[PDB]
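One chain comes next, on its own, written out as structure tokens in the form deposited in one PDB entry.
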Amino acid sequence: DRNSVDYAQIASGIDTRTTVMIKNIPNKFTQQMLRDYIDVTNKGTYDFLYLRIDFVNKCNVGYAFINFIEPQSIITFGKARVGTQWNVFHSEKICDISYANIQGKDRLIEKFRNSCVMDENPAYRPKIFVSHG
């Protein structure tokens, strides 16, 4: 909506935003494969890449943060990848992108440098709630 990506608006110097979400990633992906996936068309063009990893099952959550050094790199990646399928063979999930709310290598670095409280008891680690009966 306010965060959907318009190529021509990057091309024309309007939309200077550099942080982007790669969405619909198969739950069955590693950071490394994502790197490799991106580096096919966009090697060297990004400041920051984090494929978000669930604390509990250590799967990815289906999206990643990437900050491109230059906004036009978004066009290179989008044209090449948005629309296409992650794996024509092993997942029906297809790739899409949108601007993140947090923008800029600097804020991204702080997001993940500073841990959050998880509970009032600091000895706690996240425990799913489940019941039976």
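Think of the rigid core as the biggest set of C-alphas that the two forms share within 1.5 Å after superposition. When you see a residue number, it is the position in the sequence shown, counting from 1.
The protein also exists as the form deposited in another entry; that form is not presented, and the subsequent description refers to it.
Fitting the two forms on the rigid core leaves the C-alpha of residue 128 displaced by at least 2 angstroms between this form and the one not shown. Residue 91 shows a C-alpha shift of 2 Å or greater between this form and the one not shown [criterion: core-superposed Cα displacement of 2 Å]. Core-superposed comparison between this form and the one not shown: the CA of residue 14 stays below a 2 Å shift. Compared with the form shown, the residue 51-residue 91 C-alpha separation increases in the other form, the change being 3 Å or greater.
Between residue 91 and residue 50, the Cα spacing is larger in the other form than in the shown form, differing by no less than 3 Å.
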